[PDB]
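> Can you keep this structure in mind? I'll have questions shortly.
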Amino acid sequence: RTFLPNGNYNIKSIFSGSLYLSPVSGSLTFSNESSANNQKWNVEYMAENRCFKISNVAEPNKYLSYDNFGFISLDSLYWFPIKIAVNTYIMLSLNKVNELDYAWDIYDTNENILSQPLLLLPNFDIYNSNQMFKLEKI
Amino acid sequence: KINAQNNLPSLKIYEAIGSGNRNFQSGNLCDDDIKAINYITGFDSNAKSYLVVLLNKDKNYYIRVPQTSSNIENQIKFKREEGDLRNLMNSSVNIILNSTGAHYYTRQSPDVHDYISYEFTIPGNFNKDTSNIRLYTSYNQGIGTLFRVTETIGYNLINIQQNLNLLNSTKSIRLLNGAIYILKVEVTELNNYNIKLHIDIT
Amino acid sequence: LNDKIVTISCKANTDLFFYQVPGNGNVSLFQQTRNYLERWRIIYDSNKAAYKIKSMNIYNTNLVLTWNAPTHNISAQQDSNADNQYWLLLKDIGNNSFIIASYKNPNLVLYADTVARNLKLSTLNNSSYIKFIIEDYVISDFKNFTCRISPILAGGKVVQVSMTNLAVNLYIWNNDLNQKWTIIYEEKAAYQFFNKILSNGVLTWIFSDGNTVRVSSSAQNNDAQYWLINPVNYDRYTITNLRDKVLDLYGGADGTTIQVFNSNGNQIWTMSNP
Amino acid sequence: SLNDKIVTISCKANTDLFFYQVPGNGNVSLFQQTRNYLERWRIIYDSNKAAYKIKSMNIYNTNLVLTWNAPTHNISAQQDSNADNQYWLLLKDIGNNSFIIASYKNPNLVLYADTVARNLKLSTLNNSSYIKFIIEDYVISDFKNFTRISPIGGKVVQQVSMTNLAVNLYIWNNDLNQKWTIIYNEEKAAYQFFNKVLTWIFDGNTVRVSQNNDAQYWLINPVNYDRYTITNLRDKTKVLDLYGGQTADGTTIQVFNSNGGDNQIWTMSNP
């Protein structure tokens with residue numbers, strides 16, 4: 001239980017230290033601190049598929065999944081985090097079938113990721129600066 | 001990989017000599033009352049470290065647990081390393097600091113052609129801005145390698161540099177701030193009982 | 001195409017065109033119409049190599065195609081610079097298609113949802129739903145269309161007499177079959193006229209004669225067989241012959257031949273549905 | 001409009017850097033600008049999935065099309081197998097008139113120029129200038145600012161001297177007047193030869209140099225791929241040739257004679 005203990009977590013981006021994950025209209029973006037339950041998440045590891053699952057505290061029974069449009073959302077009906085440094089995680093895919101291993105990615109315009117949705121983009125190495133995030137104990 | 005709770009004590013490992021070629025029981029331990037031991041790795045302290053050793057299915061092994069100080073119901077964990085944590089064969093990983101400058105660290109020097117590894121961090125928040133790092137040994141001569149550790153669940157090891165010469169090398173390398181590394185040292189010329197290495201962060 | 005008026009249609013569904021719903025301000029896919037809401041003006045900005053898509057709405061012409069980040073919603077909004085309303089055009093050279101990608105996120109392109117007809121943002125893939133076709137509104141409107149040509153100050157007057165004779169003049173509107181004209185299109189970059197009732201009937205101008213045109217058969221390589229339609233309101237066009245780079249009235253009237261009186265420089269027409 | 005035509009690829013980061021195929025081992029790179037068969041490519045269109053191909057123009061190994069390996073961020077080229085990961089789709093950005101190359105297996109990957117290791121990476125779409133390239137024709141790209149016009153060997157052209165303006169056939173003597181810069185104008189898609197405007201066909205040969213003149217405009221047409229021909233734009237029925245074809249010092253350059261002989265061909269070198 002020493003690696004990513006199950007419990008409350010705040011997901012932030014490396015680019016800005018004042019942005020927190022927030023699902024609006026079904027799309028996850030990074031918003032300023034509002035001290036609300038919509039910015040906190042719950043991470044739980046389950047061994048039936050030996051993977052982690054992220055849910056919204058304000059929205060129970062909503063699991064972070066991906067759609068066919070290349071986006072991510074909360075479904076009412078699995079991720080593989082990878083650590084490269086302290087408080088840095090890269091959530092890779094679990095399928096790996098007939099394709100490569102995709103991962104979470106965001107678009108940055110000279111240290112500016114405001115109002116940018118999270119996408120499922122191809123991942124090759126750990127030097128892609130726009131792929132990892134930070135999970136903070138709250 | 002053998003550790004003790006949060007690595008509070010530093011356990012030692014010994015190999016019983018001439019064991020495994022005698023009475024054998026599948027899936028159990030059949031002690032032959034062998035008292036001759038061959039030291040492999042381990043320190044005497046208190047420091048934070050864990051052993052990574054290659055063990056055979058035939059020989060019996062001893063673990064020396066030192067004089068514990070606090071009765072906190074200590075615990076010893078053995079975990080098989082089926083992943084990429086195989087380059088650190090028979091080595092005691094020493095978990096380590098902060099700020100910049102020069103920091104010295106002294107441990108019990110291993111024998112010739114023996115491995116000692118240090119696990120250290122790089123101060124700084126977030127890829128990100130890099131920092132200059134130099135490593136040099138005071139007395140003993142050893143070859144050093146530097147790896148960056150990635151936790152995949154288990155420990156994927158990638159190689160960034162090799163064949164590095166210690167004993168006051170002027171070489172300096174750039175590492176990402178906020179990252180954690182393994183420095184593996186193999187002593188080639190033993191000149192002192194204690195190994196003492198300095199890290200320099202700028 | 002710097003500041004050019006064109007129309008965008010779905011590659012998968014050629015009958016689906018970009019339409020702005022009046023009053024609300026959202027863009028969806030609709031049937032083939034001939035309104036100004038289906039026309040969009042592409043403007044090129046060389047400061048950042050972007051392409052704005054201005055709407056041709058007459059009630060509010062300050063509306064531009066904008067993506068409401070981070071939601072998957074594309075609508076019509078105001079133009080306040082920013083970076084969430086510019087788009088990039090990529091023309092596939094293999095098959096005739098255009099991919100429109102968001103300037104803010106180049107990894108996201110336009111996706112046509114047919115079950116719920118709308119435009120969303122999706123990751124690019126080898127599918128026909130993300131492909132589009134952008135073409136000049138004149139070319140798209142008169143590529144294959146059974147239209148009727150009407151003069152000015154004459155709402156019940158149409159260009160048309162009988163199968164046996166080859167005389168074309170002005171007549172009344174009575175939804176006849178020898179009276180509506182099919183405009184068709186690529187190599188010649190011109191349009192051809194067909195008679196719905198008269199089979200193998202095309203407009204022919206007598207070079208030997210003066211101001212007189214008739215209906216004849218196809219003569220293969222003939223200069224007096226194709227016409228060019230060019231805009232002049234925005235719904236008025238001036239049809240011209242490909243010999244001088246002009247249909248006109250008779251001067252002042254059922255039974256008057258239209259002929260060809262003068263060159264470019266009245267002399268305008270209007271389009272109507274059968 | 002691109003089908004079975006030799007083309008070169010250039011990067012937007014540097015106008016000098018071009019696609020280069022290293023002989024011996026299949027690996028594309030950015031090795032300056034070299035005018036040879038190594039930098040020559042080919043596009044073959046397949047009318048079944050709206051995809052293309054990049055076949056290298058290598059004499060020793062013709063079947064050396066641009067392949068894509070496993071997902072390991074390389075683009076090393078190998079032999080031809082006609083696989084899903086073998087084709088590439090080209091999207092012409094009408095803005096800035098650029099080109100974007102994507103993999104047929106997954107279009108989310110586009111070519112990127114790192115310009116730090118002389119290699120091409122397969123990355124995601126970005127706003128940087130390294131994600132797009134420039135597709136040009138091999139006969140128009142090299143003759144943009146090229147410089148020795150020779151007949152069928154080592155003899156070159158010499159516009160007599162600086163006093164008079166004529167044509168002569170003389171050996172290379174590292175003279176400034178022997179330098180001819182071939183510049184390509186895209187306004188009319190023509191070529192101009194500047195000395196340190198080839199006007200002719202306006203008393204038989206009357207070849208010389210001096211505008212908005214149609215005689216100064218010439219077109220280069222390939223005929224071996226290292227030998228081409230030069231044709232006047234106005235009244236395109238006459239080719240540049242020699243009076244009699246004899247290789248002598250003082251031969252006058254003639255026009256007409258549309259027979260396709262050995263005297264009407266030319267070779268262009270670096271000096």
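In the structure tokens, each chain is lettered A, B, ... as it comes, each chain's residues begin at 1, and ligands are numbered from 1 in order of appearance.
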Mind listing as an MDAnalysis selection string which residues of chain A are within 10 Å of chain D, counting only C-alpha atoms?

chainID A and resid 99:101 107:109 121:125 128

> Keeping only C-alpha atoms, take the residues you just selected and write them out as a CSV table (one decimal), in the first residue's frame.


chain,number,residue,atom,x,y,z
A,99,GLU,CA,-1.9,-0.6,-31.4
A,100,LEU,CA,0.6,1.2,-29.2
A,101,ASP,CA,0.2,2.3,-25.6
A,107,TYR,CA,-1.8,20.8,-25.3
A,108,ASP,CA,0.4,23.7,-24.1
A,109,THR,CA,1.1,27.0,-25.8
A,121,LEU,CA,-2.6,10.6,-27.2
A,122,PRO,CA,0.2,8.2,-28.3
A,123,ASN,CA,3.0,7.8,-25.9
A,124,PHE,CA,6.6,6.7,-26.8
A,125,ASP,CA,9.0,7.8,-24.0
A,128,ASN,CA,7.3,14.1,-23.5

> Near chain A, which residues of chain B fall within 9 Å when you count only C-alpha atoms, and what do they look like as a list in words?

residues 121, 125, 126, 127, 128, 148, 149, 150, 151, 152, 153, 178, 179 and 180 of chain B

> Using only C-alpha atoms, which protein or nucleic acid residues come within 10 Å of residue 36 in chain A? Drop anything in the same chain fewer than 3 positions from it, and give the result as a list in words.

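Result of the neighbour search: residues 22, 33, 39, 40 and 58 of chain A.
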
> Which parts of range 31-221 of chain C does DSSP call strand (DSSP E or B) when run on the backbone here, written out as a short mmCIF file (atom, residue, chain, number, x, y, z; two decimals) with N, CA, C and O atoms, in the first residue's frame?


data_model
loop_
_atom_site.label_atom_id
_atom_site.label_comp_id
_atom_site.auth_asym_id
_atom_site.auth_seq_id
_atom_site.Cartn_x
_atom_site.Cartn_y
_atom_site.Cartn_z
N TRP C 40 -20.29 30.50 -46.07
CA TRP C 40 -19.30 30.95 -45.10
C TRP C 40 -18.12 31.56 -45.83
O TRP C 40 -17.69 31.04 -46.87
N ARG C 41 -17.58 32.65 -45.29
CA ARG C 41 -16.45 33.34 -45.90
C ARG C 41 -15.18 32.98 -45.12
O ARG C 41 -15.08 33.26 -43.93
N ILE C 42 -14.22 32.38 -45.81
CA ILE C 42 -12.94 32.04 -45.21
C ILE C 42 -11.99 33.22 -45.39
O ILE C 42 -11.84 33.75 -46.49
N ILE C 43 -11.38 33.65 -44.28
CA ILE C 43 -10.45 34.77 -44.26
C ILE C 43 -9.11 34.28 -43.75
O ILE C 43 -9.04 33.63 -42.70
N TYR C 44 -8.05 34.59 -44.49
CA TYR C 44 -6.70 34.15 -44.14
C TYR C 44 -5.99 35.25 -43.36
O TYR C 44 -5.95 36.40 -43.79
N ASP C 45 -5.42 34.88 -42.21
CA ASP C 45 -4.61 35.77 -41.40
C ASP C 45 -3.17 35.28 -41.43
O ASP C 45 -2.88 34.18 -40.94
N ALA C 50 -3.66 31.60 -39.79
CA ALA C 50 -4.94 31.09 -39.35
C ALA C 50 -6.02 31.36 -40.39
O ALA C 50 -5.82 32.16 -41.31
N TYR C 51 -7.16 30.70 -40.23
CA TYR C 51 -8.28 30.84 -41.16
C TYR C 51 -9.56 31.03 -40.36
O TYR C 51 -10.06 30.09 -39.73
N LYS C 52 -10.09 32.25 -40.38
CA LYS C 52 -11.37 32.54 -39.76
C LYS C 52 -12.51 32.19 -40.70
O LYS C 52 -12.38 32.31 -41.93
N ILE C 53 -13.62 31.76 -40.13
CA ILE C 53 -14.80 31.35 -40.90
C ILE C 53 -15.94 32.27 -40.50
O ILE C 53 -16.67 31.99 -39.54
N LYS C 54 -16.11 33.37 -41.23
CA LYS C 54 -17.17 34.32 -40.96
C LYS C 54 -18.49 33.81 -41.52
O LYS C 54 -18.54 33.25 -42.62
N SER C 55 -19.56 34.01 -40.75
CA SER C 55 -20.90 33.61 -41.17
C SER C 55 -21.52 34.70 -42.03
O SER C 55 -21.33 35.90 -41.77
N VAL C 64 -18.86 34.20 -35.96
CA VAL C 64 -17.78 33.37 -36.46
C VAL C 64 -17.88 32.01 -35.79
O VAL C 64 -18.37 31.87 -34.67
N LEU C 65 -17.40 30.98 -36.50
CA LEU C 65 -17.41 29.62 -35.99
C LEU C 65 -16.43 29.51 -34.83
O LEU C 65 -15.22 29.67 -35.02
N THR C 66 -16.94 29.24 -33.64
CA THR C 66 -16.15 29.22 -32.42
C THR C 66 -16.35 27.90 -31.68
O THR C 66 -17.48 27.40 -31.59
N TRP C 67 -15.26 27.35 -31.16
CA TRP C 67 -15.30 26.15 -30.34
C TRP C 67 -15.32 26.56 -28.87
O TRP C 67 -14.43 27.28 -28.41
N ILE C 74 -19.42 23.29 -31.04
CA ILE C 74 -19.02 24.25 -32.06
C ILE C 74 -20.25 25.08 -32.40
O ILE C 74 -21.28 24.53 -32.80
N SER C 75 -20.14 26.40 -32.25
CA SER C 75 -21.29 27.27 -32.48
C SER C 75 -20.87 28.56 -33.18
O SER C 75 -19.76 28.65 -33.70
N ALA C 76 -21.77 29.54 -33.21
CA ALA C 76 -21.48 30.85 -33.79
C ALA C 76 -21.40 31.87 -32.65
O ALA C 76 -22.35 32.02 -31.88
N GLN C 77 -20.26 32.55 -32.56
CA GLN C 77 -20.06 33.52 -31.48
C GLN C 77 -19.44 34.81 -32.01
O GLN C 77 -19.31 34.99 -33.22
N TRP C 87 -9.21 28.18 -37.34
CA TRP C 87 -9.14 26.82 -37.84
C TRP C 87 -8.10 26.74 -38.95
O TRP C 87 -7.74 27.74 -39.57
N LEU C 88 -7.63 25.52 -39.20
CA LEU C 88 -6.66 25.23 -40.25
C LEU C 88 -7.22 24.29 -41.30
O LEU C 88 -7.82 23.26 -40.97
N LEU C 89 -7.03 24.64 -42.57
CA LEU C 89 -7.50 23.84 -43.69
C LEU C 89 -6.42 22.99 -44.35
O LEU C 89 -5.38 23.53 -44.75
N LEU C 90 -6.65 21.69 -44.44
CA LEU C 90 -5.71 20.75 -45.05
C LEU C 90 -6.40 19.98 -46.16
O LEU C 90 -7.37 19.26 -45.91
N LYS C 91 -5.90 20.13 -47.38
CA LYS C 91 -6.51 19.51 -48.55
C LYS C 91 -5.81 18.19 -48.85
O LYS C 91 -4.61 18.17 -49.13
N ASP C 92 -6.56 17.09 -48.79
CA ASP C 92 -6.01 15.80 -49.14
C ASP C 92 -5.78 15.73 -50.65
O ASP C 92 -6.69 16.00 -51.44
N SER C 97 -10.79 16.11 -50.57
CA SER C 97 -11.40 16.32 -49.27
C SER C 97 -10.60 17.37 -48.51
O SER C 97 -9.43 17.61 -48.80
N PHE C 98 -11.26 17.97 -47.52
CA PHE C 98 -10.66 19.02 -46.70
C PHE C 98 -10.87 18.66 -45.24
O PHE C 98 -11.99 18.34 -44.82
N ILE C 99 -9.79 18.71 -44.46
CA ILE C 99 -9.83 18.46 -43.03
C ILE C 99 -9.67 19.79 -42.30
O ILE C 99 -8.72 20.54 -42.57
N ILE C 100 -10.60 20.09 -41.40
CA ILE C 100 -10.59 21.33 -40.63
C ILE C 100 -10.19 20.98 -39.20
O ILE C 100 -10.89 20.23 -38.52
N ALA C 101 -9.07 21.53 -38.76
CA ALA C 101 -8.53 21.27 -37.43
C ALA C 101 -8.55 22.54 -36.60
O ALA C 101 -8.35 23.65 -37.12
N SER C 102 -8.78 22.39 -35.30
CA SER C 102 -8.79 23.53 -34.40
C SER C 102 -7.39 24.10 -34.25
O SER C 102 -6.42 23.36 -34.10
N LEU C 108 -7.17 17.91 -32.87
CA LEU C 108 -8.61 17.73 -32.92
C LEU C 108 -9.15 18.32 -34.22
O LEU C 108 -8.82 19.46 -34.57
N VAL C 109 -9.97 17.55 -34.92
CA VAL C 109 -10.57 17.99 -36.18
C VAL C 109 -12.09 17.91 -36.06
O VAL C 109 -12.62 17.44 -35.05
N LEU C 110 -12.79 18.36 -37.10
CA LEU C 110 -14.24 18.37 -37.09
C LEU C 110 -14.80 17.00 -37.43
O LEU C 110 -14.32 16.32 -38.35
N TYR C 111 -15.82 16.59 -36.68
CA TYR C 111 -16.48 15.30 -36.85
C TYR C 111 -17.97 15.54 -37.03
O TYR C 111 -18.58 16.27 -36.25
N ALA C 112 -18.54 14.92 -38.06
CA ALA C 112 -19.95 15.09 -38.39
C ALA C 112 -20.74 13.95 -37.76
O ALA C 112 -20.60 12.79 -38.15
N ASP C 113 -21.58 14.29 -36.78
CA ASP C 113 -22.45 13.31 -36.13
C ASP C 113 -23.78 13.27 -36.86
O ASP C 113 -24.50 14.28 -36.91
N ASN C 118 -24.73 17.08 -36.08
CA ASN C 118 -24.03 18.22 -35.48
C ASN C 118 -22.55 18.09 -35.83
O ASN C 118 -22.11 17.11 -36.44
N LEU C 119 -21.78 19.10 -35.43
CA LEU C 119 -20.34 19.12 -35.60
C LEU C 119 -19.68 19.09 -34.23
O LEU C 119 -19.94 19.95 -33.39
N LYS C 120 -18.81 18.10 -34.01
CA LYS C 120 -18.07 17.94 -32.77
C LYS C 120 -16.58 17.98 -33.07
O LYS C 120 -16.16 18.05 -34.23
N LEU C 121 -15.77 17.92 -32.02
CA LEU C 121 -14.32 17.84 -32.14
C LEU C 121 -13.86 16.44 -31.77
O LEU C 121 -14.21 15.93 -30.69
N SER C 122 -13.09 15.82 -32.65
CA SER C 122 -12.66 14.44 -32.45
C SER C 122 -11.23 14.28 -32.94
O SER C 122 -10.75 15.03 -33.79
N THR C 123 -10.54 13.28 -32.39
CA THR C 123 -9.20 12.95 -32.85
C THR C 123 -9.26 12.45 -34.29
O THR C 123 -10.16 11.70 -34.67
N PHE C 132 -14.39 16.53 -45.33
CA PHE C 132 -15.38 17.47 -45.81
C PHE C 132 -15.03 17.86 -47.24
O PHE C 132 -13.99 17.48 -47.78
N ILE C 133 -15.93 18.62 -47.87
CA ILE C 133 -15.71 19.16 -49.20
C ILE C 133 -16.07 20.64 -49.17
O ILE C 133 -17.21 20.99 -48.86
N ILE C 134 -15.11 21.50 -49.49
CA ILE C 134 -15.31 22.94 -49.51
C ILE C 134 -15.24 23.39 -50.96
O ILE C 134 -14.26 23.13 -51.66
N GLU C 135 -16.29 24.07 -51.42
CA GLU C 135 -16.37 24.49 -52.81
C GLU C 135 -17.07 25.84 -52.91
O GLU C 135 -17.85 26.22 -52.03
N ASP C 136 -16.80 26.55 -54.00
CA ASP C 136 -17.45 27.83 -54.23
C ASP C 136 -18.97 27.66 -54.27
O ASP C 136 -19.48 26.69 -54.84
N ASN C 144 -25.58 20.67 -60.13
CA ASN C 144 -26.68 19.90 -60.71
C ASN C 144 -27.96 20.43 -60.08
O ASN C 144 -28.31 20.03 -58.96
N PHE C 145 -28.66 21.31 -60.79
CA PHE C 145 -29.83 21.95 -60.19
C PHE C 145 -30.87 22.27 -61.26
O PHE C 145 -30.55 22.89 -62.27
N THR C 146 -32.11 21.85 -61.01
CA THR C 146 -33.24 22.21 -61.87
C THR C 146 -33.80 23.53 -61.37
O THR C 146 -34.59 23.56 -60.42
N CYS C 147 -33.39 24.63 -61.99
CA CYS C 147 -33.74 25.97 -61.57
C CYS C 147 -34.54 26.67 -62.66
O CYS C 147 -34.65 26.18 -63.79
N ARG C 148 -35.11 27.82 -62.30
CA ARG C 148 -35.83 28.67 -63.24
C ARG C 148 -35.23 30.07 -63.18
O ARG C 148 -34.93 30.58 -62.10
N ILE C 149 -35.06 30.68 -64.35
CA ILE C 149 -34.47 32.00 -64.48
C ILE C 149 -35.58 33.02 -64.68
O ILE C 149 -36.46 32.82 -65.53
N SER C 150 -35.55 34.10 -63.90
CA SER C 150 -36.58 35.12 -63.98
C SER C 150 -35.96 36.49 -64.17
O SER C 150 -34.87 36.77 -63.64
N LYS C 157 -42.90 35.96 -65.09
CA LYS C 157 -42.26 35.79 -66.38
C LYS C 157 -41.05 34.88 -66.24
O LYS C 157 -40.25 35.02 -65.31
N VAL C 158 -40.91 33.94 -67.18
CA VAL C 158 -39.86 32.94 -67.16
C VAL C 158 -39.34 32.78 -68.58
O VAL C 158 -40.01 33.13 -69.56
N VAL C 159 -38.12 32.26 -68.70
CA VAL C 159 -37.50 31.99 -69.99
C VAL C 159 -37.93 30.60 -70.44
O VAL C 159 -37.80 29.63 -69.69
N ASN C 169 -38.03 32.35 -75.68
CA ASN C 169 -38.53 33.70 -75.45
C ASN C 169 -39.02 33.79 -74.01
O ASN C 169 -38.65 32.97 -73.17
N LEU C 170 -39.83 34.80 -73.73
CA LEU C 170 -40.39 35.01 -72.40
C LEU C 170 -41.84 34.53 -72.37
O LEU C 170 -42.62 34.85 -73.27
N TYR C 171 -42.19 33.77 -71.34
CA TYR C 171 -43.53 33.20 -71.20
C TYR C 171 -43.98 33.33 -69.75
O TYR C 171 -43.24 33.83 -68.89
N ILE C 172 -45.20 32.87 -69.48
CA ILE C 172 -45.77 32.92 -68.14
C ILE C 172 -45.36 31.69 -67.35
O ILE C 172 -44.90 30.70 -67.93
N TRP C 181 -35.06 24.77 -66.33
CA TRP C 181 -33.76 24.51 -66.93
C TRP C 181 -32.85 23.82 -65.92
O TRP C 181 -32.74 24.27 -64.78
N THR C 182 -32.19 22.75 -66.35
CA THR C 182 -31.25 22.02 -65.51
C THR C 182 -29.84 22.54 -65.79
O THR C 182 -29.32 22.37 -66.90
N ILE C 183 -29.24 23.17 -64.79
CA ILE C 183 -27.86 23.63 -64.88
C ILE C 183 -26.95 22.54 -64.34
O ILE C 183 -27.16 22.03 -63.22
N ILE C 184 -25.94 22.17 -65.13
CA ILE C 184 -25.00 21.12 -64.77
C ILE C 184 -23.59 21.67 -64.94
O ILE C 184 -23.37 22.67 -65.63
N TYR C 191 -20.70 25.94 -67.15
CA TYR C 191 -21.95 25.24 -66.88
C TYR C 191 -22.72 25.03 -68.17
O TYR C 191 -22.65 25.84 -69.10
N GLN C 192 -23.46 23.92 -68.22
CA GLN C 192 -24.28 23.56 -69.37
C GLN C 192 -25.75 23.56 -68.98
O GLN C 192 -26.11 23.26 -67.83
N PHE C 193 -26.60 23.91 -69.94
CA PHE C 193 -28.03 24.01 -69.74
C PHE C 193 -28.73 22.86 -70.44
O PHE C 193 -28.40 22.53 -71.59
N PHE C 194 -29.69 22.25 -69.76
CA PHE C 194 -30.47 21.14 -70.29
C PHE C 194 -31.95 21.43 -70.14
O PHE C 194 -32.38 22.06 -69.17
N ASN C 195 -32.74 20.99 -71.12
CA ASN C 195 -34.18 21.14 -71.09
C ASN C 195 -34.81 19.87 -70.53
O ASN C 195 -34.50 18.76 -70.99
N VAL C 202 -29.57 21.52 -75.75
CA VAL C 202 -28.60 22.45 -75.19
C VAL C 202 -28.70 23.77 -75.95
O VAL C 202 -29.08 23.81 -77.12
N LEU C 203 -28.33 24.85 -75.26
CA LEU C 203 -28.40 26.19 -75.85
C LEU C 203 -27.26 26.38 -76.84
O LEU C 203 -26.10 26.11 -76.54
N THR C 204 -27.60 26.86 -78.04
CA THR C 204 -26.63 27.10 -79.10
C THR C 204 -26.81 28.51 -79.63
O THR C 204 -27.94 28.94 -79.91
N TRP C 205 -25.70 29.23 -79.77
CA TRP C 205 -25.69 30.59 -80.31
C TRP C 205 -25.11 30.56 -81.72
O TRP C 205 -24.03 30.00 -81.93
N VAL C 213 -30.52 32.89 -80.35
CA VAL C 213 -30.07 31.62 -79.78
C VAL C 213 -31.19 30.61 -79.91
O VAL C 213 -32.37 30.97 -80.01
N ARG C 214 -30.83 29.33 -79.92
CA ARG C 214 -31.82 28.27 -80.04
C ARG C 214 -31.43 27.05 -79.22
O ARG C 214 -30.45 27.08 -78.47
N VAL C 215 -32.18 25.96 -79.37
CA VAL C 215 -31.91 24.70 -78.69
C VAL C 215 -31.56 23.66 -79.75
O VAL C 215 -32.31 23.48 -80.72
N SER C 216 -30.43 22.99 -79.56
CA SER C 216 -29.95 22.00 -80.52
C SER C 216 -29.36 20.83 -79.74
O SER C 216 -29.53 20.72 -78.52
#

> Output the contact residues of chain D with respect to chain C at a cut-off of 10 Å, based on only C-alpha atoms, as a count of residues only.

32

> Near chain C, which residues of chain A fall within 9 Å when you count only C-alpha atoms, and what do they look like as a list in words?

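Here they are: residues 24, 25, 26, 27, 28, 29, 68, 69, 70, 71, 107, 108, 109, 115, 116, 117, 118, 119, 120 and 121 of chain A.
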
> I need the residues from that last selection saved to file as a JSON list (two decimals), in the first residue's frame (with C-alpha atoms), if you can.


[["chain", "number", "residue", "atom", "x", "y", "z"],
["A", 24, "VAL", "CA", -17.44, 20.44, -16.74],
["A", 25, "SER", "CA", -20.05, 19.35, -19.31],
["A", 26, "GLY", "CA", -18.48, 15.88, -19.26],
["A", 27, "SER", "CA", -15.02, 17.14, -20.29],
["A", 28, "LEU", "CA", -12.10, 17.37, -17.86],
["A", 29, "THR", "CA", -10.27, 20.70, -17.74],
["A", 68, "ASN", "CA", -13.89, 6.94, -29.26],
["A", 69, "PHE", "CA", -13.42, 10.69, -29.89],
["A", 70, "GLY", "CA", -9.98, 10.71, -28.25],
["A", 71, "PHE", "CA", -11.33, 12.41, -25.12],
["A", 107, "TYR", "CA", -1.80, 20.81, -25.26],
["A", 108, "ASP", "CA", 0.43, 23.66, -24.09],
["A", 109, "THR", "CA", 1.07, 27.03, -25.77],
["A", 115, "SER", "CA", -9.32, 25.74, -20.75],
["A", 116, "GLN", "CA", -7.55, 22.78, -22.37],
["A", 117, "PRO", "CA", -9.24, 19.35, -22.36],
["A", 118, "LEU", "CA", -7.37, 16.15, -21.60],
["A", 119, "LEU", "CA", -6.77, 13.87, -24.59],
["A", 120, "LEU", "CA", -5.71, 10.25, -25.13],
["A", 121, "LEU", "CA", -2.57, 10.63, -27.23]]

> Please compute the CA of residue 109 in chain B-CA of residue 168 in chain B distance, one decimal, in Å.

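Result for CA of residue 109 in chain B versus CA of residue 168 in chain B: 16.9 Å, one decimal.
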
> I'd like the neighbourhood of residue 53 in chain A as number ranges by chain, where a residue qualifies if any of its atoms comes within 9 Å (using only C-alpha atoms), though same-chain residues fewer than 2 positions away should be ignored.

A: 42-46, 51, 55, 63-64, 78-79

> What does the structure give for the distance between CA of residue 114 in chain A and CA of residue 11 in chain A, in Å to one decimal?

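Spanning CA of residue 114 in chain A to CA of residue 11 in chain A is a straight-line distance of 14.9 Å.
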
> What does the distance between CA of residue 14 in chain B and CA of residue 74 in chain B come to in Å, to one decimal place?

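According to the coordinates, CA of residue 14 in chain B and CA of residue 74 in chain B are separated by 20.4 Å.
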
> Would you kindly return, as a ChimeraX atom specification, each protein, DNA or RNA residue with an atom no farther than 12 Å from any atom of residue 248 in chain C, considering only C-alpha atoms and excluding same-chain residues fewer than 3 positions away?

/C:149-152,159,169-170,211-212,237-241,251-252,256-269

> Run DSSP on the backbone and give me the residues of range 1-162 of chain C it puts in helix (DSSP H, G or I), as a short mmCIF file (atom, residue, chain, number, x, y, z; two decimals) with N, CA, C and O atoms, in the first residue's frame.


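Written out: selection-v4.cif:
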data_model
loop_
_atom_site.label_atom_id
_atom_site.label_comp_id
_atom_site.auth_asym_id
_atom_site.auth_seq_id
_atom_site.Cartn_x
_atom_site.Cartn_y
_atom_site.Cartn_z
N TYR C 36 -28.61 32.21 -47.54
CA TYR C 36 -27.34 32.83 -47.18
C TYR C 36 -26.73 32.24 -45.91
O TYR C 36 -25.54 32.46 -45.66
N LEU C 37 -27.51 31.50 -45.12
CA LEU C 37 -26.98 30.90 -43.90
C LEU C 37 -26.02 29.75 -44.19
O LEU C 37 -25.19 29.43 -43.35
N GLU C 38 -26.13 29.14 -45.37
CA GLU C 38 -25.26 28.02 -45.73
C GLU C 38 -23.92 28.46 -46.30
O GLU C 38 -23.07 27.60 -46.56
N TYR C 137 -19.68 28.60 -53.64
CA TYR C 137 -21.13 28.45 -53.51
C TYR C 137 -21.83 28.46 -54.86
O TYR C 137 -22.84 27.77 -55.03
N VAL C 138 -21.31 29.22 -55.82
CA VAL C 138 -21.88 29.20 -57.17
C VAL C 138 -21.73 27.81 -57.78
O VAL C 138 -22.68 27.24 -58.34
N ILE C 139 -20.53 27.24 -57.68
CA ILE C 139 -20.26 25.93 -58.27
C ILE C 139 -21.13 24.86 -57.62
O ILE C 139 -21.72 24.02 -58.30
N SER C 140 -21.22 24.87 -56.29
CA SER C 140 -22.03 23.88 -55.59
C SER C 140 -23.51 24.05 -55.91
O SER C 140 -24.23 23.06 -56.10
N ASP C 141 -23.98 25.30 -55.98
CA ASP C 141 -25.40 25.55 -56.23
C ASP C 141 -25.82 25.20 -57.65
O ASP C 141 -26.95 24.74 -57.85
#
